[PDB]
Amino acid sequence: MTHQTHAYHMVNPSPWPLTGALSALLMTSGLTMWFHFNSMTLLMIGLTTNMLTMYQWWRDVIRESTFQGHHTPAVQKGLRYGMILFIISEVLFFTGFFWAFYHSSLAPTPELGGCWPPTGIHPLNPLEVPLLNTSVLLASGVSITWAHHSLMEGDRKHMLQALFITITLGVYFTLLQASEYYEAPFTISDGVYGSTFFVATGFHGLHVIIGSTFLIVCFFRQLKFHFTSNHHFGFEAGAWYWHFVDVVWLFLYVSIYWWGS
Amino acid sequence: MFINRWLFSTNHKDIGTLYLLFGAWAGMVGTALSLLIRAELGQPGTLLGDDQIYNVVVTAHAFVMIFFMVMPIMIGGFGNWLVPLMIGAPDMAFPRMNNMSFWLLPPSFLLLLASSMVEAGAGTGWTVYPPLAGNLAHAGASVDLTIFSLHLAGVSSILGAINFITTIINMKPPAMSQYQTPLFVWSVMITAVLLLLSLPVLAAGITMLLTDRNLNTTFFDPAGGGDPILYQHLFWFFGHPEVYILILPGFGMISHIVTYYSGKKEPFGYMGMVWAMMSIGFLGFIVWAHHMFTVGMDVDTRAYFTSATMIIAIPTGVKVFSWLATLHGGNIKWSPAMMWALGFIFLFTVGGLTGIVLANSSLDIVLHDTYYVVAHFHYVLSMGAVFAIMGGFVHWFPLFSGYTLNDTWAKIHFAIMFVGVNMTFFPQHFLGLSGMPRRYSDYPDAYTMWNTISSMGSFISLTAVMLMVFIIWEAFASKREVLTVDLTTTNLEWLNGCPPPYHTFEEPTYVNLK
Amino acid sequence: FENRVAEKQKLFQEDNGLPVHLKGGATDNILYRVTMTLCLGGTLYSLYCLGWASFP
Amino acid sequence: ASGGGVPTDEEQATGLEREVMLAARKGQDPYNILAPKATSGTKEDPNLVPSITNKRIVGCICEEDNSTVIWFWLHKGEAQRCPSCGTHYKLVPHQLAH
Amino acid sequence: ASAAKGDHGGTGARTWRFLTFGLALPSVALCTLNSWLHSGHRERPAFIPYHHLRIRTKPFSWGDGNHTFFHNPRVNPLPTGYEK
Amino acid sequence: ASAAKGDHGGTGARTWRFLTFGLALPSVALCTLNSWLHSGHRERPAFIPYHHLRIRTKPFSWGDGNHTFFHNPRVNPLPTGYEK
Amino acid sequence: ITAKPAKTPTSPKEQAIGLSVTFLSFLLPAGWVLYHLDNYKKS
Amino acid sequence: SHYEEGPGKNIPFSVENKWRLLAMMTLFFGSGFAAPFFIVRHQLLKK
Amino acid sequence: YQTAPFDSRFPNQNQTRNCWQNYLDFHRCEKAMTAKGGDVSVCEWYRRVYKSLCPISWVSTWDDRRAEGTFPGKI
Amino acid sequence: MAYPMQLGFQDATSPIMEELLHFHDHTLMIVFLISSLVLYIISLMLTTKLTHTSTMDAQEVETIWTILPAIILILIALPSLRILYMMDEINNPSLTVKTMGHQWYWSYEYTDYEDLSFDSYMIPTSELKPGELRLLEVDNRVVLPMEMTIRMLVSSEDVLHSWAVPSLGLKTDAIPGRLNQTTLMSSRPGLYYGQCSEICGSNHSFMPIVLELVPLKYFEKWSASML
Ligand code: HEA
Ligand code: HEA
Ligand SMILES: [Cu+2]
Ligand SMILES: [Cu+2]
Ligand SMILES: [Cu+2]
Ligand SMILES: [Mg+2]
Ligand SMILES: [Zn+2]
């Protein structure tokens, strides 16, 4: 009593949960304005307060762990579980989209021409840029691993070098994918093929951007000596998320880009 | 101060209280909606109007009771309040995130309220199936708002599911195995896993529905080659686990209540009980299609789903029989909570037995979309999930508040509600066997008797939920402070007195490693 | 490069009875108020829009 | 490869993290991260329950495979016994607390 | 289609840095060249007003409400036909 | 078709013994019953001297050199036709 | 479960008041809206 | 923590005056039960 | 001819393809007997079946699609 | 149709519906057995002053109560599945009618030979002739030949709808872009009512189904006078 004798973390009252909850309200209702009464001001404010919340909520977490030392071993083991579990819910999110795809491509309705890809659709070639995007993502898988190993071996320069290479490959994929979208001879509106394609590869795209800003954050935390050769969960997570991202692309490639086209 | 405590919390007890408050209020809205439903059906004719205004009411009834009363109360309320106390944890693994879970709820509720105001609301059914939910048959912001409300409520529940699993797994005393935690904790740890795996598929489904009606996609539109049935699969893949997610924490509370008032140390067959919930949770993931028997699927697959659905009776059976075995040599105390526990055991049995009937695709052909299925789920929800909530509420109220309830009044409240719900839902078995469809604002003259009796019962229930509010007031008005609690040796939640201090287990708990 | 986590550890461990989200200075405070302001205002604005859209 | 540059816990760990780090190397466990090992539990060899106050909740897993932990407050004073199996427990002042 | 190859039993950072520059990056270069060589610009596909394509049940929330987001006029026709 | 289920974070022998008798074995029992119920004895398939079947380029190293190893006369015809 | 006597007991009259009030607060608003249904259905 | 403890103090509403409480509970649960009625009314008065 | 008989390749509750297949089949046969003459022989069977099973609106729209050349099936 | 104060199923107009009544009786007999067993055990447990609060051995009795429910489930499953296949059985229909759900009316199409098609709408309770059923009468009944195997094909031209006729033990959803099939086979003449069994908008409750079954002879003359 008074002084605690358990290794856990009693976090100080934060206004951030309220702030982020309000943010969700603003973005959701804001999308409703954009979609219906053609307005984005509300959507803009929501995106704003949301970034503000994430910045601060994560800034504090850094403060509490790196500056204040609350991340004892027990606290860390809990963060590992949390991340795993989160990645899991994500894996099941993408599963709705592969279900959708397979459902459509395995039993093509007559309005499509009773075939797959539907008549009128000119699928991209898996052997062209899709093949490139694949090799880029896969390489960042090996380079992020090199980064992880340098970090554990206390090799500051190399961890930085590998983390940098990894980050640029992630960006390279983003640009490449962006151009593919623009050059694609089909759109979201091109029936079920376009729907199925643009939302699955699209949500994944959003995830590569989310994973890249995460690695960027890790980059700077390292420039500032935040990570020790032994305590760098922020990186472990960034790394786990990054792999989830290659893997999802492997399924996308094989399913949508290769098999279903 | 108030702000810091109530808006900026990181306390499992306070967040849990905030939930119970949200759930009770939402419970009022849902009750009002259920009364308009029976008001409309209590006399042949139309009171409100067309199946649109009526079905808007039926839809909000479902969303409110499922997502805003039952889930917040059982998982967020009792979950946050009791879990840490039962495993000897100082709090939860992610105190801050835990708060966001709660605060995501009021906005979510707003979006749902907003949906029924703009345009003509959402008269789609809680399943919000397309084409009816589409931008043609349901143009306007309504359905979109219904969808966004569901997104938030889902984000809220999987964030909390993440918290409970981490806490429950990672924050028990070092010498305590998982096979040493109480059934309630197991009950929410398992419910937490179902939420983690089912909720995302729903979000995948309704996001596809959202794009279909705002971004010109055709996931469920035949024109583009879509399939309205695809939505049914996605929805129901979540839709079934969802009902177990709704009864599991109830199973747990019941195990605690029956054992306590039987004067027993522990429940009969503890490991059988753990096995049972785990089986129930698992089989619950491979039976979704029993909700699609009249959709045009292959006879073979239709056969698979009726069988798979039926084996769930076995584990559920070991639980019913275990609670009975628990009462066995007990020194029974006829307390209000024990009354709720007994009702649950019977009523839930009847309602689940009635669900085995519907498990049969052949018979379900003529039973689907009728009031028989409305009877089935109200038995397991109105006198199953809800009875557990009441038993748990009256049993733990002193722990949460420090004050006691007037037991006699509390017993009167059971009597009234027991009569009310049975009178309301019993007749409905007939209306359904005899053909009265679901989601109708009016019915052929023949169905008049049962619909009348049914509606009268709903008024008795109204009386009971009014009395309860009073019962809570009186408790707080009189202020009889708790002194002594029985069987604390085997019930940790009570060891820190009523109410436990803001900070419990500041200095851990000592548990030997034999 | 630098490495001055040691200065910040000290700054944040300082017993000034401040909550972590403010323990870092004046900017923490302005950021806080800006965020809080935008959220509340936005929330007010949203309620207005809904009241407005509720009507034909 | 080759080189160096990243901090170590021994040199950069702070707060409670550091406290358990050091405490752990001295073989002691002030923040109860480990499971306390039982004594014979006889009146003469009671289990010694350290505490930072004058009472601590003791949970007794009477028999190895038991699913029910017996809970109770252990107070400062004479050795006390688990209500279900005797087994003596005696409170003791908690040393290291930083 | 491979099976595997040169085992180097001990993997540390030197090994991963070796794979990065000795395998990973060289592949990204080859494929880049490949994709830079197979850069055949396909002539915009023949327009035929199929009903299962160019779907429009609600005008898009932007522009003239008839233009998809990453609209490329060269290869994407409007429902009516190619842009210009 | 599942997703997963009841997590019990700590796995020791008790957990695996629990899965063995509480999951593994019960499944073997169900499927056993299933296969014991679907035990429909198919009537021996119609014989038609297809050339791509009952291949014989070298008599088998046993018996009359025309009988496959696990020969079941009820359902396996010789090249000429069913045994008897 | 034992408890100390009420610090501020609620006499029957007091209960009768709280019970009546609790009822009215539920029954009135609904009753009013329901009482005027036809007026709404006829504009 | 300057957070007060004990019966009647671990809640976000005052329980010190039974009648002020009566009022609050009445508005709280009351407004919740009335909402659906007024929404239906609102929908019935549109065109 | 009474009505389209049971078709083994379409043994389940869903007949969508049954309607679809025969509609194609007929028009595919028709086009051939035309571009071959072969005494302008005619594949009536398929038309009897597809007319029985396919709801009017589908046949209509398909015919129109075939008219403007936006019919997705390959004939 | 359904009469006042009815408890169970509408009388079976067809053989599978008869088959169902018997299966339900079987299934219901069991739910009565179990539900009364549980109630007896419960009252038994709560009726003695004798106590035994010490530990009790589980598992032993745990087999009885796990193997028993398992046997009972087979006793229901078997009959259920048989009827299930019996419904999706290889039959050869002598007629094919199509029905298309629409937002607030069904339309039928008899097109085996001639292109006969009409709309079936509910008769406003206001224009009902004495003796006519309030929310069940339709203006154009779907006429069909009694004692014959008909093949119904259900679909919709808009939202989802569900075509059902309880007396015949039929219910098939109407999904746009889909052709669901069902076998109708009444073994007796008459008027057989049903209703839309799927939420489809404002008048979901007001789009009934009325089957009128007469002998072939009268069926064909009706068919012709219909165009
Ligand atoms: C908490 C709520 C809850 C619970 C626990 C259940 C439990 C079950 N339900 Fe469900 N059900 C609902 C709520 C619930 N249900 C809802 C909301 C709907 C409608 C949704 C909608 O479409 O809108 C519905 C719909 C529904 C349908 C589809 C109806 C239709 O055609 O539309 C089916 C069919 O399989 C079904 C079956 C079952 C079964 C087999 C169980 C089993 O879990 C029952 C298990 C219990 C027992 C079996 C009794 C105890 C055990 C014994 C005493 C052992 C001995 C007994 C035997 C051997 C039989 N339910
Ligand atoms: C939690 C689930 C839940 C509960 C408890 C209830 C309770 C009630 N529901 Fe139900 N209902 C549904 C969920 C629920 N319902 C769903 C999912 C549907 C399907 C919708 C669709 O078809 O799309 C449905 C459909 C439905 C219908 C069918 C309409 C139709 O299809 O045409 C009817 C009609 O009678 C109805 C009536 C009622 C009634 C009379 C009550 C009464 O029993 C209510 C009694 C009041 C209570 C039991 C609440 C009191 C409890 C509290 C307020 C908690 C208090 C808090 C604390 C103690 C802290 N409901
Ligand atoms: Cu289900
Ligand atoms: Cu309809
Ligand atoms: Cu309908
Ligand atoms: Mg249905
Ligand atoms: Zn002991």
# chains A, B, ... in the order shown; residues from 1 in each chain; ligands from 1
call {"tool": "interface_residues", "arguments": {"of": "chain I", "to": "chain E", "cutoff": "8 Å", "atoms": "only C-alpha atoms", "output": "JSON, numbers by chain"}}
result
{"I": [69, 70, 71, 72]}
call {"tool": "write_last_selection", "arguments": {"atoms": "C-alpha atoms", "output": "tab-separated table (two decimals), in the first residue's frame"}}
result
chain	number	residue	atom	x	y	z
I	69	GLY	CA	-23.75	-6.21	-78.65
I	70	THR	CA	-23.20	-5.82	-74.91
I	71	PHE	CA	-24.10	-9.43	-74.15
I	72	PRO	CA	-21.25	-10.82	-71.92
call {"tool": "residues_near_ligand", "arguments": {"ligand": "ligand 7", "cutoff": "6 Å", "atoms": "only C-alpha atoms and all ligand atoms", "output": "list in words"}}
result
residues 60, 61, 62, 82, 84 and 85 of chain D
call {"tool": "residues_near_ligand", "arguments": {"ligand": "ligand 2", "cutoff": "6 Å", "atoms": "only C-alpha atoms and all ligand atoms", "output": "VMD selection string"}}
result
chain B and resid 20 24 27 to 28 31 34 37 to 38 58 to 59 62 65 to 66 70 125 to 126 374 378 381 to 382 386 390 393 421 438 to 440 458 461 465
call {"tool": "write_last_selection", "arguments": {"atoms": "N, CA and C atoms", "output": "PDB file, in the first residue's frame"}}
result
ATOM      1  N   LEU B  20     -21.695   0.111 -16.582  1.00  0.00           N
ATOM      2  CA  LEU B  20     -22.994  -0.211 -15.995  1.00  0.00           C
ATOM      3  C   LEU B  20     -23.973   0.958 -16.134  1.00  0.00           C
ATOM      4  N   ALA B  24     -27.333   0.541 -18.328  1.00  0.00           N
ATOM      5  CA  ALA B  24     -28.646   0.707 -17.732  1.00  0.00           C
ATOM      6  C   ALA B  24     -29.475   1.690 -18.544  1.00  0.00           C
ATOM      7  N   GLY B  27     -30.519   0.416 -21.656  1.00  0.00           N
ATOM      8  CA  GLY B  27     -31.553  -0.553 -21.364  1.00  0.00           C
ATOM      9  C   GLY B  27     -32.917   0.100 -21.302  1.00  0.00           C
ATOM     10  N   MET B  28     -32.965   1.386 -20.992  1.00  0.00           N
ATOM     11  CA  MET B  28     -34.252   2.058 -20.937  1.00  0.00           C
ATOM     12  C   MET B  28     -34.756   2.239 -22.368  1.00  0.00           C
ATOM     13  N   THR B  31     -36.044  -0.870 -23.925  1.00  0.00           N
ATOM     14  CA  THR B  31     -37.319  -1.280 -23.341  1.00  0.00           C
ATOM     15  C   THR B  31     -38.431  -0.478 -23.974  1.00  0.00           C
ATOM     16  N   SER B  34     -39.157  -1.846 -27.340  1.00  0.00           N
ATOM     17  CA  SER B  34     -39.849  -3.135 -27.305  1.00  0.00           C
ATOM     18  C   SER B  34     -41.319  -2.937 -27.008  1.00  0.00           C
ATOM     19  N   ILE B  37     -43.139  -1.865 -30.155  1.00  0.00           N
ATOM     20  CA  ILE B  37     -43.328  -3.070 -30.952  1.00  0.00           C
ATOM     21  C   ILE B  37     -44.591  -3.792 -30.497  1.00  0.00           C
ATOM     22  N   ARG B  38     -44.706  -4.091 -29.207  1.00  0.00           N
ATOM     23  CA  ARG B  38     -45.914  -4.772 -28.749  1.00  0.00           C
ATOM     24  C   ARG B  38     -47.147  -3.861 -28.764  1.00  0.00           C
ATOM     25  N   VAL B  58     -38.149  -1.940 -34.796  1.00  0.00           N
ATOM     26  CA  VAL B  58     -37.628  -3.279 -34.530  1.00  0.00           C
ATOM     27  C   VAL B  58     -36.089  -3.345 -34.628  1.00  0.00           C
ATOM     28  N   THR B  59     -35.519  -2.629 -35.585  1.00  0.00           N
ATOM     29  CA  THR B  59     -34.077  -2.624 -35.783  1.00  0.00           C
ATOM     30  C   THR B  59     -33.309  -1.974 -34.622  1.00  0.00           C
ATOM     31  N   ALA B  62     -33.162  -4.169 -31.550  1.00  0.00           N
ATOM     32  CA  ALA B  62     -32.106  -5.166 -31.558  1.00  0.00           C
ATOM     33  C   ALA B  62     -30.715  -4.579 -31.314  1.00  0.00           C
ATOM     34  N   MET B  65     -30.372  -3.267 -27.478  1.00  0.00           N
ATOM     35  CA  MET B  65     -30.248  -4.340 -26.495  1.00  0.00           C
ATOM     36  C   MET B  65     -28.997  -5.195 -26.665  1.00  0.00           C
ATOM     37  N   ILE B  66     -28.633  -5.527 -27.896  1.00  0.00           N
ATOM     38  CA  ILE B  66     -27.460  -6.365 -28.122  1.00  0.00           C
ATOM     39  C   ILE B  66     -26.164  -5.585 -27.897  1.00  0.00           C
ATOM     40  N   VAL B  70     -26.748  -5.387 -23.221  1.00  0.00           N
ATOM     41  CA  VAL B  70     -26.086  -6.632 -22.860  1.00  0.00           C
ATOM     42  C   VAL B  70     -24.556  -6.605 -22.915  1.00  0.00           C
ATOM     43  N   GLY B 125     -33.821  -4.365 -40.511  1.00  0.00           N
ATOM     44  CA  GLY B 125     -33.709  -5.552 -39.672  1.00  0.00           C
ATOM     45  C   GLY B 125     -32.302  -5.465 -39.088  1.00  0.00           C
ATOM     46  N   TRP B 126     -32.045  -6.070 -37.936  1.00  0.00           N
ATOM     47  CA  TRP B 126     -30.713  -5.951 -37.347  1.00  0.00           C
ATOM     48  C   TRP B 126     -29.629  -6.562 -38.211  1.00  0.00           C
ATOM     49  N   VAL B 374     -38.563 -16.076 -32.971  1.00  0.00           N
ATOM     50  CA  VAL B 374     -38.584 -14.911 -32.083  1.00  0.00           C
ATOM     51  C   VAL B 374     -38.720 -15.431 -30.652  1.00  0.00           C
ATOM     52  N   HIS B 378     -35.733 -15.024 -27.516  1.00  0.00           N
ATOM     53  CA  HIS B 378     -36.111 -14.144 -26.414  1.00  0.00           C
ATOM     54  C   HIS B 378     -36.029 -14.986 -25.146  1.00  0.00           C
ATOM     55  N   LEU B 381     -32.435 -14.863 -24.445  1.00  0.00           N
ATOM     56  CA  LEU B 381     -31.965 -13.497 -24.222  1.00  0.00           C
ATOM     57  C   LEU B 381     -32.733 -12.796 -23.126  1.00  0.00           C
ATOM     58  N   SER B 382     -34.061 -12.774 -23.196  1.00  0.00           N
ATOM     59  CA  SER B 382     -34.850 -12.119 -22.139  1.00  0.00           C
ATOM     60  C   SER B 382     -34.861 -12.874 -20.809  1.00  0.00           C
ATOM     61  N   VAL B 386     -30.391 -11.837 -19.801  1.00  0.00           N
ATOM     62  CA  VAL B 386     -30.925 -10.860 -18.852  1.00  0.00           C
ATOM     63  C   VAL B 386     -31.078 -11.355 -17.423  1.00  0.00           C
ATOM     64  N   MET B 390     -29.301  -9.733 -14.062  1.00  0.00           N
ATOM     65  CA  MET B 390     -30.011  -9.358 -12.855  1.00  0.00           C
ATOM     66  C   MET B 390     -29.472 -10.083 -11.620  1.00  0.00           C
ATOM     67  N   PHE B 393     -26.161  -8.611 -10.950  1.00  0.00           N
ATOM     68  CA  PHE B 393     -26.337  -7.249 -10.437  1.00  0.00           C
ATOM     69  C   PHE B 393     -26.761  -7.245  -8.973  1.00  0.00           C
ATOM     70  N   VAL B 421     -42.265 -11.888 -18.674  1.00  0.00           N
ATOM     71  CA  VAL B 421     -41.569 -12.471 -19.816  1.00  0.00           C
ATOM     72  C   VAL B 421     -42.147 -13.762 -20.342  1.00  0.00           C
ATOM     73  N   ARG B 438     -42.196 -12.917 -39.259  1.00  0.00           N
ATOM     74  CA  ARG B 438     -41.475 -11.918 -38.471  1.00  0.00           C
ATOM     75  C   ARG B 438     -41.447 -10.609 -39.248  1.00  0.00           C
ATOM     76  N   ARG B 439     -41.289  -9.525 -38.508  1.00  0.00           N
ATOM     77  CA  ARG B 439     -41.170  -8.211 -39.097  1.00  0.00           C
ATOM     78  C   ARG B 439     -42.410  -7.645 -39.786  1.00  0.00           C
ATOM     79  N   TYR B 440     -43.578  -8.033 -39.274  1.00  0.00           N
ATOM     80  CA  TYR B 440     -44.886  -7.566 -39.761  1.00  0.00           C
ATOM     81  C   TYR B 440     -45.479  -6.582 -38.760  1.00  0.00           C
ATOM     82  N   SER B 458     -45.886  -7.847 -21.981  1.00  0.00           N
ATOM     83  CA  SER B 458     -44.849  -6.825 -22.106  1.00  0.00           C
ATOM     84  C   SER B 458     -45.121  -5.637 -21.198  1.00  0.00           C
ATOM     85  N   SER B 461     -43.785  -6.532 -17.731  1.00  0.00           N
ATOM     86  CA  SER B 461     -42.325  -6.369 -17.752  1.00  0.00           C
ATOM     87  C   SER B 461     -41.969  -4.904 -17.576  1.00  0.00           C
ATOM     88  N   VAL B 465     -39.377  -3.187 -14.774  1.00  0.00           N
ATOM     89  CA  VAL B 465     -38.162  -2.408 -14.939  1.00  0.00           C
ATOM     90  C   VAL B 465     -38.345  -1.031 -14.351  1.00  0.00           C
TER      91      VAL B 465
END
call {"tool": "residues_around", "arguments": {"residues": "stretch 5-21 of chain C", "least_positions_apart": "3", "cutoff": "10 Å", "atoms": "only C-alpha atoms", "output": "MDAnalysis selection string"}}
result
(chainID A and resid 11:16 56:57 59:61 63:69 224:226) or (chainID C and resid 2 24:25 28:29 31:32) or (chainID D and resid 12:15)
call {"tool": "residues_around", "arguments": {"residues": "stretch 15-25 of chain F", "least_positions_apart": "5", "cutoff": "12 Å", "atoms": "only C-alpha atoms", "output": "PyMOL selection string"}}
result
(chain B and resi 177-179+271-279+282-283+315) or (chain F and resi 6-10+30-32)
call {"tool": "write_last_selection", "arguments": {"atoms": "N, CA and C atoms", "output": "CSV table (one decimal), in the first residue's frame"}}
result
chain,number,residue,atom,x,y,z
B,177,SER,N,-2.0,-21.1,-11.9
B,177,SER,CA,-2.2,-21.6,-13.2
B,177,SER,C,-3.5,-21.2,-13.7
B,178,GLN,N,-3.8,-21.4,-15.0
B,178,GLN,CA,-5.0,-21.0,-15.7
B,178,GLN,C,-6.1,-21.8,-15.1
B,179,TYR,N,-5.8,-23.0,-14.7
B,179,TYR,CA,-6.7,-24.0,-14.2
B,179,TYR,C,-6.9,-23.7,-12.7
B,271,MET,N,-13.2,-28.5,-14.2
B,271,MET,CA,-12.6,-28.7,-15.5
B,271,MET,C,-13.5,-29.1,-16.6
B,272,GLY,N,-14.7,-29.7,-16.2
B,272,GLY,CA,-15.7,-30.1,-17.2
B,272,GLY,C,-16.3,-28.8,-17.7
B,273,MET,N,-16.5,-27.9,-16.8
B,273,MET,CA,-17.1,-26.6,-17.0
B,273,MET,C,-16.2,-25.8,-17.9
B,274,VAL,N,-14.9,-25.8,-17.8
B,274,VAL,CA,-13.9,-25.1,-18.6
B,274,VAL,C,-13.9,-25.7,-20.0
B,275,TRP,N,-13.9,-27.1,-20.1
B,275,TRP,CA,-14.0,-27.8,-21.3
B,275,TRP,C,-15.3,-27.4,-22.0
B,276,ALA,N,-16.4,-27.4,-21.3
B,276,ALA,CA,-17.7,-27.0,-21.9
B,276,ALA,C,-17.7,-25.7,-22.6
B,277,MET,N,-17.3,-24.6,-22.0
B,277,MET,CA,-17.2,-23.3,-22.6
B,277,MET,C,-16.3,-23.3,-23.8
B,278,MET,N,-15.2,-24.0,-23.7
B,278,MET,CA,-14.2,-24.0,-24.8
B,278,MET,C,-14.8,-24.7,-26.0
B,279,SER,N,-15.5,-25.8,-25.8
B,279,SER,CA,-16.2,-26.5,-26.9
B,279,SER,C,-17.2,-25.6,-27.5
B,282,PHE,N,-15.8,-22.9,-29.7
B,282,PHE,CA,-15.3,-23.4,-30.9
B,282,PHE,C,-16.4,-23.9,-31.9
B,283,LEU,N,-17.3,-24.7,-31.5
B,283,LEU,CA,-18.3,-25.2,-32.4
B,283,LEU,C,-19.1,-24.0,-32.9
B,315,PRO,N,-21.9,-30.2,-24.9
B,315,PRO,CA,-21.2,-29.4,-23.9
B,315,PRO,C,-22.2,-28.5,-23.1
F,6,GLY,N,-11.0,-20.9,-27.6
F,6,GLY,CA,-10.6,-20.7,-26.2
F,6,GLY,C,-9.1,-20.8,-25.8
F,7,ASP,N,-8.6,-19.6,-25.6
F,7,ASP,CA,-7.2,-19.4,-25.2
F,7,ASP,C,-7.0,-19.8,-23.7
F,8,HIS,N,-5.9,-20.5,-23.5
F,8,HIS,CA,-5.5,-20.9,-22.1
F,8,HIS,C,-4.0,-20.7,-21.9
F,9,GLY,N,-3.6,-19.5,-22.2
F,9,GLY,CA,-2.3,-18.9,-22.2
F,9,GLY,C,-1.1,-19.7,-21.7
F,10,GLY,N,-1.3,-20.6,-20.7
F,10,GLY,CA,-0.2,-21.4,-20.2
F,10,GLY,C,-0.3,-22.9,-20.6
F,30,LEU,N,-16.1,-39.0,-33.3
F,30,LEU,CA,-17.1,-38.4,-34.2
F,30,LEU,C,-16.9,-39.0,-35.6
F,31,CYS,N,-15.7,-38.6,-36.2
F,31,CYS,CA,-15.4,-39.1,-37.5
F,31,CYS,C,-15.6,-40.6,-37.7
F,32,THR,N,-15.3,-41.4,-36.6
F,32,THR,CA,-15.4,-42.8,-36.7
F,32,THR,C,-16.9,-43.1,-36.8
call {"tool": "residues_around", "arguments": {"residues": "residue I:53", "least_positions_apart": "3", "cutoff": "7 Å", "atoms": "only C-alpha atoms", "output": "ChimeraX atom specification"}}
result
/I:19,49-50
call {"tool": "write_last_selection", "arguments": {"atoms": "N, CA and C atoms", "output": "mmCIF file, in the first residue's frame"}}
result
data_model
loop_
_atom_site.group_PDB
_atom_site.id
_atom_site.type_symbol
_atom_site.label_atom_id
_atom_site.label_comp_id
_atom_site.auth_asym_id
_atom_site.auth_seq_id
_atom_site.Cartn_x
_atom_site.Cartn_y
_atom_site.Cartn_z
ATOM 1 N N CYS I 19 -30.875 -22.218 -66.483
ATOM 2 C CA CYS I 19 -31.490 -21.254 -67.374
ATOM 3 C C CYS I 19 -30.412 -20.692 -68.279
ATOM 4 N N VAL I 49 -36.589 -25.459 -73.359
ATOM 5 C CA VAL I 49 -36.083 -25.455 -71.995
ATOM 6 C C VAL I 49 -35.822 -24.050 -71.460
ATOM 7 N N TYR I 50 -34.953 -23.297 -72.103
ATOM 8 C CA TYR I 50 -34.673 -21.977 -71.603
ATOM 9 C C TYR I 50 -35.884 -21.083 -71.431
#
call {"tool": "closest_residue", "arguments": {"among": "J:39, J:216, J:81, J:160", "to": "ligand 1", "atoms": "only C-alpha atoms and all ligand atoms"}}
result
J:39
